[PDB]
$ cat work-v4.pdb   # PDB, C-alpha atoms
MODEL        1
ATOM      1  CA  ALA A  44     -65.452  47.303  23.269  1.00  0.00           C
ATOM      2  CA  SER A  45     -68.798  47.463  21.534  1.00  0.00           C
ATOM      3  CA  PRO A  46     -71.559  48.994  23.711  1.00  0.00           C
ATOM      4  CA  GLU A  47     -73.104  45.494  23.931  1.00  0.00           C
ATOM      5  CA  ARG A  48     -69.731  44.104  25.105  1.00  0.00           C
ATOM      6  CA  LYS A  49     -69.358  46.830  27.734  1.00  0.00           C
ATOM      7  CA  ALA A  50     -72.873  46.085  28.937  1.00  0.00           C
ATOM      8  CA  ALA A  51     -72.219  42.321  28.979  1.00  0.00           C
ATOM      9  CA  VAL A  52     -69.094  42.607  31.106  1.00  0.00           C
ATOM     10  CA  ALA A  53     -70.940  44.918  33.456  1.00  0.00           C
ATOM     11  CA  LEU A  54     -73.852  42.471  33.793  1.00  0.00           C
ATOM     12  CA  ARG A  55     -71.309  39.767  34.589  1.00  0.00           C
ATOM     13  CA  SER A  56     -69.873  41.801  37.478  1.00  0.00           C
ATOM     14  CA  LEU A  57     -73.442  42.568  38.680  1.00  0.00           C
ATOM     15  CA  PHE A  58     -74.190  38.840  38.803  1.00  0.00           C
ATOM     16  CA  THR A  59     -70.953  38.025  40.698  1.00  0.00           C
ATOM     17  CA  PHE A  60     -71.867  40.747  43.129  1.00  0.00           C
ATOM     18  CA  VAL A  61     -75.474  39.583  43.618  1.00  0.00           C
ATOM     19  CA  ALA A  62     -73.999  36.100  44.187  1.00  0.00           C
ATOM     20  CA  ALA A  63     -71.672  37.348  46.886  1.00  0.00           C
ATOM     21  CA  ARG A  64     -74.571  39.094  48.687  1.00  0.00           C
ATOM     22  CA  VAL A  65     -76.731  35.965  48.476  1.00  0.00           C
ATOM     23  CA  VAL A  66     -73.986  33.732  49.876  1.00  0.00           C
ATOM     24  CA  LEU A  67     -73.104  36.138  52.612  1.00  0.00           C
ATOM     25  CA  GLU A  68     -76.732  36.140  53.849  1.00  0.00           C
ATOM     26  CA  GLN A  69     -77.047  32.372  53.617  1.00  0.00           C
ATOM     27  CA  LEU A  70     -73.813  31.946  55.597  1.00  0.00           C
ATOM     28  CA  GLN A  71     -75.258  34.144  58.240  1.00  0.00           C
ATOM     29  CA  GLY A  72     -78.535  32.101  58.298  1.00  0.00           C
ATOM     30  CA  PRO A  73     -80.408  32.148  61.638  1.00  0.00           C
ATOM     31  CA  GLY A  74     -77.931  33.037  64.409  1.00  0.00           C
ATOM     32  CA  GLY A  75     -74.545  32.256  62.821  1.00  0.00           C
ATOM     33  CA  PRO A  76     -72.502  30.132  60.396  1.00  0.00           C
ATOM     34  CA  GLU A  77     -72.997  26.506  61.458  1.00  0.00           C
ATOM     35  CA  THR A  78     -69.842  24.566  60.762  1.00  0.00           C
ATOM     36  CA  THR A  79     -66.351  25.748  61.502  1.00  0.00           C
ATOM     37  CA  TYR A  80     -65.816  25.664  57.721  1.00  0.00           C
ATOM     38  CA  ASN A  81     -68.767  27.918  56.976  1.00  0.00           C
ATOM     39  CA  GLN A  82     -67.493  30.305  59.652  1.00  0.00           C
ATOM     40  CA  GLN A  83     -64.184  30.397  57.762  1.00  0.00           C
ATOM     41  CA  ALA A  84     -66.102  30.969  54.553  1.00  0.00           C
ATOM     42  CA  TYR A  85     -68.004  33.882  56.137  1.00  0.00           C
ATOM     43  CA  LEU A  86     -64.809  35.580  57.283  1.00  0.00           C
ATOM     44  CA  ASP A  87     -63.066  35.050  53.956  1.00  0.00           C
ATOM     45  CA  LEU A  88     -66.052  36.445  52.054  1.00  0.00           C
ATOM     46  CA  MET A  89     -66.197  39.494  54.290  1.00  0.00           C
ATOM     47  CA  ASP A  90     -62.442  40.004  53.719  1.00  0.00           C
ATOM     48  CA  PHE A  91     -62.909  39.687  49.977  1.00  0.00           C
ATOM     49  CA  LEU A  92     -65.845  42.098  49.857  1.00  0.00           C
ATOM     50  CA  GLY A  93     -63.482  44.758  51.205  1.00  0.00           C
ATOM     51  CA  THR A  94     -61.544  44.445  47.910  1.00  0.00           C
ATOM     52  CA  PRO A  95     -62.733  45.751  44.510  1.00  0.00           C
ATOM     53  CA  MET A  96     -64.050  42.975  42.210  1.00  0.00           C
ATOM     54  CA  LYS A  97     -61.294  43.024  39.593  1.00  0.00           C
ATOM     55  CA  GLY A  98     -61.420  41.105  36.302  1.00  0.00           C
ATOM     56  CA  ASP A  99     -64.037  41.461  33.650  1.00  0.00           C
ATOM     57  CA  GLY A 100     -67.179  40.210  35.251  1.00  0.00           C
ATOM     58  CA  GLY A 101     -65.491  39.687  38.640  1.00  0.00           C
ATOM     59  CA  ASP A 102     -63.267  36.795  37.481  1.00  0.00           C
ATOM     60  CA  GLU A 103     -59.955  38.022  38.894  1.00  0.00           C
ATOM     61  CA  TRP A 104     -61.682  38.522  42.253  1.00  0.00           C
ATOM     62  CA  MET A 105     -63.261  35.001  41.945  1.00  0.00           C
ATOM     63  CA  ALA A 106     -59.866  33.402  41.239  1.00  0.00           C
ATOM     64  CA  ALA A 107     -58.338  35.045  44.296  1.00  0.00           C
ATOM     65  CA  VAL A 108     -61.247  33.810  46.380  1.00  0.00           C
ATOM     66  CA  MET A 109     -60.774  30.310  44.989  1.00  0.00           C
ATOM     67  CA  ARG A 110     -57.129  30.230  46.026  1.00  0.00           C
ATOM     68  CA  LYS A 111     -58.034  31.161  49.602  1.00  0.00           C
ATOM     69  CA  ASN A 112     -61.277  29.175  49.907  1.00  0.00           C
ATOM     70  CA  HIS A 113     -62.159  26.802  47.148  1.00  0.00           C
ATOM     71  CA  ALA A 114     -65.441  25.691  48.737  1.00  0.00           C
ATOM     72  CA  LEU A 115     -66.532  29.284  48.869  1.00  0.00           C
ATOM     73  CA  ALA A 116     -65.561  29.974  45.268  1.00  0.00           C
ATOM     74  CA  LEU A 117     -67.535  26.961  44.075  1.00  0.00           C
ATOM     75  CA  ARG A 118     -70.636  28.202  45.869  1.00  0.00           C
ATOM     76  CA  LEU A 119     -70.231  31.772  44.553  1.00  0.00           C
ATOM     77  CA  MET A 120     -69.810  30.448  41.014  1.00  0.00           C
ATOM     78  CA  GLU A 121     -72.837  28.161  41.391  1.00  0.00           C
ATOM     79  CA  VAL A 122     -74.990  31.058  42.587  1.00  0.00           C
ATOM     80  CA  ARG A 123     -73.979  33.490  39.839  1.00  0.00           C
ATOM     81  CA  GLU A 124     -74.681  30.880  37.164  1.00  0.00           C
ATOM     82  CA  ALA A 125     -78.059  30.073  38.834  1.00  0.00           C
ATOM     83  CA  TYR A 126     -78.812  33.798  38.821  1.00  0.00           C
ATOM     84  CA  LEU A 127     -78.631  33.812  34.964  1.00  0.00           C
ATOM     85  CA  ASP A 128     -81.939  31.898  35.058  1.00  0.00           C
ATOM     86  CA  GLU A 129     -83.630  34.434  37.448  1.00  0.00           C
ATOM     87  CA  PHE A 130     -82.388  37.852  36.357  1.00  0.00           C
ATOM     88  CA  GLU A 131     -85.238  39.536  34.546  1.00  0.00           C
ATOM     89  CA  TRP A 132     -83.534  40.856  31.400  1.00  0.00           C
ATOM     90  CA  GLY A 133     -86.880  41.596  29.760  1.00  0.00           C
ATOM     91  CA  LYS A 134     -87.924  43.838  32.618  1.00  0.00           C
ATOM     92  CA  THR A 135     -84.522  45.516  32.501  1.00  0.00           C
ATOM     93  CA  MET A 136     -84.711  46.148  28.785  1.00  0.00           C
ATOM     94  CA  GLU A 137     -88.281  47.326  29.172  1.00  0.00           C
ATOM     95  CA  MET A 138     -87.416  49.845  31.897  1.00  0.00           C
ATOM     96  CA  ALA A 139     -84.372  51.125  30.020  1.00  0.00           C
ATOM     97  CA  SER A 140     -86.536  51.745  26.918  1.00  0.00           C
ATOM     98  CA  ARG A 141     -89.678  53.195  28.519  1.00  0.00           C
ATOM     99  CA  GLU A 142     -87.728  55.524  30.768  1.00  0.00           C
ATOM    100  CA  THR A 143     -85.625  56.747  27.836  1.00  0.00           C
ATOM    101  CA  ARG A 144     -88.825  57.663  25.972  1.00  0.00           C
ATOM    102  CA  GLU A 145     -90.475  59.120  29.061  1.00  0.00           C
ATOM    103  CA  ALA A 146     -87.457  61.305  29.958  1.00  0.00           C
ATOM    104  CA  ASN A 147     -87.139  62.608  26.386  1.00  0.00           C
ATOM    105  CA  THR A 148     -90.837  63.464  26.418  1.00  0.00           C
ATOM    106  CA  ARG A 149     -90.712  65.302  29.709  1.00  0.00           C
ATOM    107  CA  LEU A 150     -87.530  67.210  28.746  1.00  0.00           C
ATOM    108  CA  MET A 151     -88.957  68.290  25.385  1.00  0.00           C
ATOM    109  CA  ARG A 152     -92.372  69.165  26.896  1.00  0.00           C
ATOM    110  CA  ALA A 153     -90.678  71.250  29.532  1.00  0.00           C
ATOM    111  CA  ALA A 154     -88.645  73.285  26.963  1.00  0.00           C
ATOM    112  CA  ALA A 155     -91.589  73.782  24.607  1.00  0.00           C
ATOM    113  CA  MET A 156     -93.794  76.855  24.632  1.00  0.00           C
TER
ATOM    114  CA  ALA B  44     -82.914  49.293  43.902  1.00  0.00           C
ATOM    115  CA  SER B  45     -83.251  45.883  42.214  1.00  0.00           C
ATOM    116  CA  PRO B  46     -80.367  44.445  40.136  1.00  0.00           C
ATOM    117  CA  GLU B  47     -82.628  44.921  37.098  1.00  0.00           C
ATOM    118  CA  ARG B  48     -83.182  48.598  38.028  1.00  0.00           C
ATOM    119  CA  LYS B  49     -79.447  49.157  38.515  1.00  0.00           C
ATOM    120  CA  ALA B  50     -78.757  47.579  35.195  1.00  0.00           C
ATOM    121  CA  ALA B  51     -81.515  49.652  33.510  1.00  0.00           C
ATOM    122  CA  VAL B  52     -80.250  52.965  34.711  1.00  0.00           C
ATOM    123  CA  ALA B  53     -76.687  52.015  33.702  1.00  0.00           C
ATOM    124  CA  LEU B  54     -77.862  51.053  30.204  1.00  0.00           C
ATOM    125  CA  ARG B  55     -79.675  54.368  29.928  1.00  0.00           C
ATOM    126  CA  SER B  56     -76.378  56.178  30.624  1.00  0.00           C
ATOM    127  CA  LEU B  57     -74.608  53.980  28.083  1.00  0.00           C
ATOM    128  CA  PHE B  58     -77.168  54.945  25.434  1.00  0.00           C
ATOM    129  CA  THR B  59     -76.910  58.641  26.222  1.00  0.00           C
ATOM    130  CA  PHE B  60     -73.162  58.228  25.833  1.00  0.00           C
ATOM    131  CA  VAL B  61     -73.397  56.369  22.557  1.00  0.00           C
ATOM    132  CA  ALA B  62     -75.704  59.141  21.365  1.00  0.00           C
ATOM    133  CA  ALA B  63     -73.171  61.820  22.302  1.00  0.00           C
ATOM    134  CA  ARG B  64     -70.420  59.951  20.375  1.00  0.00           C
ATOM    135  CA  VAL B  65     -72.598  59.562  17.324  1.00  0.00           C
ATOM    136  CA  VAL B  66     -73.576  63.254  17.302  1.00  0.00           C
ATOM    137  CA  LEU B  67     -70.036  64.426  17.974  1.00  0.00           C
ATOM    138  CA  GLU B  68     -68.775  62.533  14.925  1.00  0.00           C
ATOM    139  CA  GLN B  69     -71.697  63.891  12.785  1.00  0.00           C
ATOM    140  CA  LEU B  70     -70.861  67.438  13.815  1.00  0.00           C
ATOM    141  CA  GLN B  71     -67.184  66.995  13.050  1.00  0.00           C
ATOM    142  CA  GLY B  72     -67.227  67.795   9.412  1.00  0.00           C
ATOM    143  CA  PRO B  73     -64.880  66.350   7.009  1.00  0.00           C
ATOM    144  CA  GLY B  74     -62.015  68.338   8.534  1.00  0.00           C
ATOM    145  CA  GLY B  75     -64.132  70.367  11.062  1.00  0.00           C
ATOM    146  CA  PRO B  76     -67.651  71.731  11.799  1.00  0.00           C
ATOM    147  CA  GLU B  77     -68.643  73.777   8.798  1.00  0.00           C
ATOM    148  CA  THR B  78     -71.525  75.984   9.868  1.00  0.00           C
ATOM    149  CA  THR B  79     -71.639  78.511  12.627  1.00  0.00           C
ATOM    150  CA  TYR B  80     -74.398  76.409  14.237  1.00  0.00           C
ATOM    151  CA  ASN B  81     -72.654  73.062  14.033  1.00  0.00           C
ATOM    152  CA  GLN B  82     -69.546  74.739  15.408  1.00  0.00           C
ATOM    153  CA  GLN B  83     -71.425  76.011  18.458  1.00  0.00           C
ATOM    154  CA  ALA B  84     -73.086  72.622  19.004  1.00  0.00           C
ATOM    155  CA  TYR B  85     -69.695  70.914  18.605  1.00  0.00           C
ATOM    156  CA  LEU B  86     -68.039  73.119  21.195  1.00  0.00           C
ATOM    157  CA  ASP B  87     -70.962  72.801  23.659  1.00  0.00           C
ATOM    158  CA  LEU B  88     -70.914  69.002  23.282  1.00  0.00           C
ATOM    159  CA  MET B  89     -67.150  68.857  23.815  1.00  0.00           C
ATOM    160  CA  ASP B  90     -67.501  70.975  26.938  1.00  0.00           C
ATOM    161  CA  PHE B  91     -70.336  68.729  28.232  1.00  0.00           C
ATOM    162  CA  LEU B  92     -68.336  65.553  27.619  1.00  0.00           C
ATOM    163  CA  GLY B  93     -65.808  66.807  30.085  1.00  0.00           C
ATOM    164  CA  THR B  94     -68.520  66.502  32.768  1.00  0.00           C
ATOM    165  CA  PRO B  95     -69.753  63.188  34.199  1.00  0.00           C
ATOM    166  CA  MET B  96     -73.174  61.883  33.208  1.00  0.00           C
ATOM    167  CA  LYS B  97     -74.399  60.901  36.757  1.00  0.00           C
ATOM    168  CA  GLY B  98     -76.013  57.516  37.676  1.00  0.00           C
ATOM    169  CA  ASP B  99     -79.475  58.673  36.355  1.00  0.00           C
ATOM    170  CA  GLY B 100     -79.455  57.493  32.713  1.00  0.00           C
ATOM    171  CA  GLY B 101     -77.789  60.721  31.726  1.00  0.00           C
ATOM    172  CA  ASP B 102     -80.912  62.902  32.252  1.00  0.00           C
ATOM    173  CA  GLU B 103     -79.422  65.495  34.523  1.00  0.00           C
ATOM    174  CA  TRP B 104     -76.628  65.904  31.964  1.00  0.00           C
ATOM    175  CA  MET B 105     -79.244  66.111  29.147  1.00  0.00           C
ATOM    176  CA  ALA B 106     -81.225  68.806  30.955  1.00  0.00           C
ATOM    177  CA  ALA B 107     -78.069  70.913  31.342  1.00  0.00           C
ATOM    178  CA  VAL B 108     -77.230  70.486  27.738  1.00  0.00           C
ATOM    179  CA  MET B 109     -80.773  71.487  26.755  1.00  0.00           C
ATOM    180  CA  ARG B 110     -80.471  74.723  28.693  1.00  0.00           C
ATOM    181  CA  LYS B 111     -77.279  75.626  26.831  1.00  0.00           C
ATOM    182  CA  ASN B 112     -78.171  74.296  23.403  1.00  0.00           C
ATOM    183  CA  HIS B 113     -81.707  73.169  22.835  1.00  0.00           C
ATOM    184  CA  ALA B 114     -81.102  72.088  19.226  1.00  0.00           C
ATOM    185  CA  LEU B 115     -78.209  69.878  20.341  1.00  0.00           C
ATOM    186  CA  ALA B 116     -80.275  68.336  23.167  1.00  0.00           C
ATOM    187  CA  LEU B 117     -83.136  67.471  20.771  1.00  0.00           C
ATOM    188  CA  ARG B 118     -80.701  65.683  18.444  1.00  0.00           C
ATOM    189  CA  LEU B 119     -79.040  63.814  21.367  1.00  0.00           C
ATOM    190  CA  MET B 120     -82.472  62.704  22.628  1.00  0.00           C
ATOM    191  CA  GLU B 121     -83.527  61.595  19.159  1.00  0.00           C
ATOM    192  CA  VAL B 122     -80.340  59.524  18.751  1.00  0.00           C
ATOM    193  CA  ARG B 123     -80.490  57.795  22.149  1.00  0.00           C
ATOM    194  CA  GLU B 124     -84.117  56.753  21.576  1.00  0.00           C
ATOM    195  CA  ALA B 125     -83.298  55.558  18.055  1.00  0.00           C
ATOM    196  CA  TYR B 126     -80.462  53.529  19.548  1.00  0.00           C
ATOM    197  CA  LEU B 127     -82.999  51.473  21.581  1.00  0.00           C
ATOM    198  CA  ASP B 128     -83.792  49.734  18.265  1.00  0.00           C
ATOM    199  CA  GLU B 129     -80.085  49.203  17.263  1.00  0.00           C
ATOM    200  CA  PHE B 130     -78.619  47.939  20.494  1.00  0.00           C
ATOM    201  CA  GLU B 131     -78.452  44.163  20.384  1.00  0.00           C
ATOM    202  CA  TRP B 132     -80.054  43.246  23.674  1.00  0.00           C
ATOM    203  CA  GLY B 133     -80.231  39.526  22.841  1.00  0.00           C
ATOM    204  CA  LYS B 134     -76.514  39.348  22.033  1.00  0.00           C
ATOM    205  CA  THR B 135     -75.775  41.261  25.219  1.00  0.00           C
ATOM    206  CA  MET B 136     -77.610  38.888  27.535  1.00  0.00           C
ATOM    207  CA  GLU B 137     -76.321  35.909  25.534  1.00  0.00           C
ATOM    208  CA  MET B 138     -72.665  37.024  26.020  1.00  0.00           C
ATOM    209  CA  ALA B 139     -73.124  37.835  29.664  1.00  0.00           C
ATOM    210  CA  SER B 140     -74.604  34.364  30.288  1.00  0.00           C
ATOM    211  CA  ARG B 141     -72.316  32.220  28.119  1.00  0.00           C
ATOM    212  CA  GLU B 142     -69.163  33.924  29.406  1.00  0.00           C
ATOM    213  CA  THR B 143     -70.324  33.508  33.046  1.00  0.00           C
ATOM    214  CA  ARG B 144     -70.738  29.748  32.400  1.00  0.00           C
ATOM    215  CA  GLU B 145     -67.443  29.558  30.451  1.00  0.00           C
ATOM    216  CA  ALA B 146     -65.452  31.413  33.181  1.00  0.00           C
ATOM    217  CA  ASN B 147     -66.939  29.141  35.868  1.00  0.00           C
ATOM    218  CA  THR B 148     -65.891  26.116  33.846  1.00  0.00           C
ATOM    219  CA  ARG B 149     -62.363  27.328  33.311  1.00  0.00           C
ATOM    220  CA  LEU B 150     -61.916  28.303  36.973  1.00  0.00           C
ATOM    221  CA  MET B 151     -63.302  24.987  38.256  1.00  0.00           C
ATOM    222  CA  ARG B 152     -61.285  22.917  35.734  1.00  0.00           C
ATOM    223  CA  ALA B 153     -58.150  24.731  36.791  1.00  0.00           C
ATOM    224  CA  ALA B 154     -58.708  24.055  40.535  1.00  0.00           C
ATOM    225  CA  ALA B 155     -59.777  20.432  40.107  1.00  0.00           C
ATOM    226  CA  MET B 156     -57.512  17.431  40.519  1.00  0.00           C
TER
ATOM    227  CA  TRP C 462     -58.411  67.212  21.899  1.00  0.00           C
ATOM    228  CA  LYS C 463     -60.155  64.637  24.155  1.00  0.00           C
ATOM    229  CA  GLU C 464     -60.284  60.843  24.246  1.00  0.00           C
ATOM    230  CA  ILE C 465     -63.954  60.597  25.162  1.00  0.00           C
ATOM    231  CA  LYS C 466     -64.514  57.441  27.303  1.00  0.00           C
ATOM    232  CA  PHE C 467     -67.529  56.152  29.225  1.00  0.00           C
TER
ENDMDL
END
$ encode --input "work-v4.pdb" --output "structure tokens"
Amino acid sequence: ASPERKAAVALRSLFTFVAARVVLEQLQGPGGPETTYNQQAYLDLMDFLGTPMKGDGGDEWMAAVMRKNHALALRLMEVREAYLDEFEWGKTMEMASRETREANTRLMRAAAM
Amino acid sequence: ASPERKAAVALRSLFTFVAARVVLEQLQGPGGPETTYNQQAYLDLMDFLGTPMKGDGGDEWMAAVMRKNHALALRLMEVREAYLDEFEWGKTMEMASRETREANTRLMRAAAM
Amino acid sequence: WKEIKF
């Protein structure tokens, strides 16, 4: 993989994961999953979070979820795609750059005499 | 830590890694390190690549390298900062997003009737 | 002597 490719796949898994956390909290809502179906969704999601998110970007994990609970998979997919519009890539890129420069500076300063 | 923070710190470790690979190849002469100095730097870098670069952008690793071989650490730092201007951040986010949307589409199409 | 992977 290129470094960019590696990073892309890893971002994809981060988004799937963020999506799972979001849906889990929403299913909880105030004082419990409402419908019997959402209760099922809650339990399936908790089951599936006990398993490592296989597939590039979490896709193997998503497919397994979809087989067990299609309604849940649709929601998880909707949320991770929605998260593409909210994730602050600029901030990320900014932090990665600034902190690289800052760490280099502090390391070099420290070793200098 | 935010998802953006998580991603930033992970990128920083990627860059440190890329920098180590770049410098390792540089040091490897045509058919082996040629100078006594490049040989020492080569061996120190090989030794340090057998040790994990923690989840801290690779800075703890860099500090240890700097203690052992200050010349090598300066070059590694120079290369990882330079790489901030080579890494294709736009392509990276573009791939992560498009492939998220494309995987969702393929999964949903497959499950639909 | 190493396959250096990330």
$ residues_near_point --input "work-v4.pdb" --point "(-60.8, 63.3, 25.2)" --cutoff "10 Å" --atoms "all atoms listed in the file" --output "PyMOL selection string"
(chain B and resi 89+92-93) or (chain C and resi 462-466)
$ resolve_selection --input "work-v4.pdb" --expression "the PyMOL selection byres ((chain C and resi 467) around 12)" --output "MDAnalysis selection string"
(chainID A and resid 44:46 49:50) or (chainID B and resid 53:54 56:64 92:97 101) or (chainID C and resid 464:466)
$ resolve_selection --input "work-v4.pdb" --expression "the ChimeraX specification (/B :<7) & /A" --output "JSON, numbers by chain"
{"A": [47, 48, 50, 51, 52, 54, 55, 106, 120, 124, 127, 131, 135, 136, 138, 139, 140, 143, 144, 147, 150]}
$ axis_aligned_box --input "work-v4.pdb" --around "range 110-117 of chain B" --padding-each-side "3 Å" --output "lines of an AutoDock Vina configuration file"
center_x = -80.2
center_y = 71.5
center_z = 24.0
size_x = 11.9
size_y = 14.2
size_z = 15.5
$ residues_near_point --input "work-v4.pdb" --point "(-70.1, 27.7, 58.4)" --cutoff "12 Å" --atoms "only C-alpha atoms" --output "PDB file with C-alpha atoms, in the frame of the given file"
ATOM      1  CA  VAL A  66     -73.986  33.732  49.876  1.00  0.00           C
ATOM      2  CA  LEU A  67     -73.104  36.138  52.612  1.00  0.00           C
ATOM      3  CA  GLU A  68     -76.732  36.140  53.849  1.00  0.00           C
ATOM      4  CA  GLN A  69     -77.047  32.372  53.617  1.00  0.00           C
ATOM      5  CA  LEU A  70     -73.813  31.946  55.597  1.00  0.00           C
ATOM      6  CA  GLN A  71     -75.258  34.144  58.240  1.00  0.00           C
ATOM      7  CA  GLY A  72     -78.535  32.101  58.298  1.00  0.00           C
ATOM      8  CA  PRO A  73     -80.408  32.148  61.638  1.00  0.00           C
ATOM      9  CA  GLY A  74     -77.931  33.037  64.409  1.00  0.00           C
ATOM     10  CA  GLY A  75     -74.545  32.256  62.821  1.00  0.00           C
ATOM     11  CA  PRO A  76     -72.502  30.132  60.396  1.00  0.00           C
ATOM     12  CA  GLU A  77     -72.997  26.506  61.458  1.00  0.00           C
ATOM     13  CA  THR A  78     -69.842  24.566  60.762  1.00  0.00           C
ATOM     14  CA  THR A  79     -66.351  25.748  61.502  1.00  0.00           C
ATOM     15  CA  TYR A  80     -65.816  25.664  57.721  1.00  0.00           C
ATOM     16  CA  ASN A  81     -68.767  27.918  56.976  1.00  0.00           C
ATOM     17  CA  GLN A  82     -67.493  30.305  59.652  1.00  0.00           C
ATOM     18  CA  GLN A  83     -64.184  30.397  57.762  1.00  0.00           C
ATOM     19  CA  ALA A  84     -66.102  30.969  54.553  1.00  0.00           C
ATOM     20  CA  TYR A  85     -68.004  33.882  56.137  1.00  0.00           C
ATOM     21  CA  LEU A  86     -64.809  35.580  57.283  1.00  0.00           C
ATOM     22  CA  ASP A  87     -63.066  35.050  53.956  1.00  0.00           C
ATOM     23  CA  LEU A  88     -66.052  36.445  52.054  1.00  0.00           C
ATOM     24  CA  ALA A 114     -65.441  25.691  48.737  1.00  0.00           C
ATOM     25  CA  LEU A 115     -66.532  29.284  48.869  1.00  0.00           C
TER      26      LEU A 115
END
$ atom_distance --input "work-v4.pdb" --atom1 "CA of residue 122 in chain B" --atom2 "CA of residue 90 in chain B"
19.1 Å
$ atom_distance --input "work-v4.pdb" --atom1 "CA of residue 118 in chain B" --atom2 "CA of residue 103 in chain B"
16.1 Å
$ atom_distance --input "work-v4.pdb" --atom1 "CA of residue 98 in chain B" --atom2 "CA of residue 107 in chain A"
29.3 Å
$ decode --input "work-v4.pdb" --residues "range 47-58 of chain B" --atoms "N, CA and C atoms" --output "PDB file, in the first residue's frame"
ATOM      1  N   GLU B  47     -10.419  13.111  15.154  1.00  0.00           N
ATOM      2  CA  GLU B  47      -9.389  13.911  14.501  1.00  0.00           C
ATOM      3  C   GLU B  47      -8.017  13.829  15.183  1.00  0.00           C
ATOM      4  N   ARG B  48      -7.991  13.854  16.518  1.00  0.00           N
ATOM      5  CA  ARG B  48      -6.773  13.740  17.297  1.00  0.00           C
ATOM      6  C   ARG B  48      -6.126  12.367  17.098  1.00  0.00           C
ATOM      7  N   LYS B  49      -6.941  11.341  17.278  1.00  0.00           N
ATOM      8  CA  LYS B  49      -6.558   9.948  17.022  1.00  0.00           C
ATOM      9  C   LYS B  49      -5.927   9.780  15.665  1.00  0.00           C
ATOM     10  N   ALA B  50      -6.613  10.301  14.654  1.00  0.00           N
ATOM     11  CA  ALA B  50      -6.124  10.220  13.317  1.00  0.00           C
ATOM     12  C   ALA B  50      -4.813  10.993  13.182  1.00  0.00           C
ATOM     13  N   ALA B  51      -4.685  12.137  13.857  1.00  0.00           N
ATOM     14  CA  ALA B  51      -3.474  12.969  13.716  1.00  0.00           C
ATOM     15  C   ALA B  51      -2.234  12.257  14.237  1.00  0.00           C
ATOM     16  N   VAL B  52      -2.396  11.683  15.413  1.00  0.00           N
ATOM     17  CA  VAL B  52      -1.309  11.032  16.079  1.00  0.00           C
ATOM     18  C   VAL B  52      -0.896   9.805  15.266  1.00  0.00           C
ATOM     19  N   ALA B  53      -1.868   9.098  14.692  1.00  0.00           N
ATOM     20  CA  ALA B  53      -1.575   7.939  13.848  1.00  0.00           C
ATOM     21  C   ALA B  53      -0.826   8.341  12.578  1.00  0.00           C
ATOM     22  N   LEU B  54      -1.231   9.449  11.955  1.00  0.00           N
ATOM     23  CA  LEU B  54      -0.525   9.968  10.794  1.00  0.00           C
ATOM     24  C   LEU B  54       0.905  10.304  11.162  1.00  0.00           C
ATOM     25  N   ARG B  55       1.092  10.952  12.315  1.00  0.00           N
ATOM     26  CA  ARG B  55       2.427  11.327  12.742  1.00  0.00           C
ATOM     27  C   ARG B  55       3.340  10.085  12.857  1.00  0.00           C
ATOM     28  N   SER B  56       2.804   8.989  13.350  1.00  0.00           N
ATOM     29  CA  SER B  56       3.589   7.742  13.395  1.00  0.00           C
ATOM     30  C   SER B  56       3.844   7.187  11.974  1.00  0.00           C
ATOM     31  N   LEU B  57       2.867   7.315  11.098  1.00  0.00           N
ATOM     32  CA  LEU B  57       3.083   6.885   9.730  1.00  0.00           C
ATOM     33  C   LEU B  57       4.264   7.644   9.140  1.00  0.00           C
ATOM     34  N   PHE B  58       4.288   8.958   9.330  1.00  0.00           N
ATOM     35  CA  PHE B  58       5.310   9.805   8.720  1.00  0.00           C
ATOM     36  C   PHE B  58       6.701   9.470   9.283  1.00  0.00           C
TER      37      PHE B  58
END
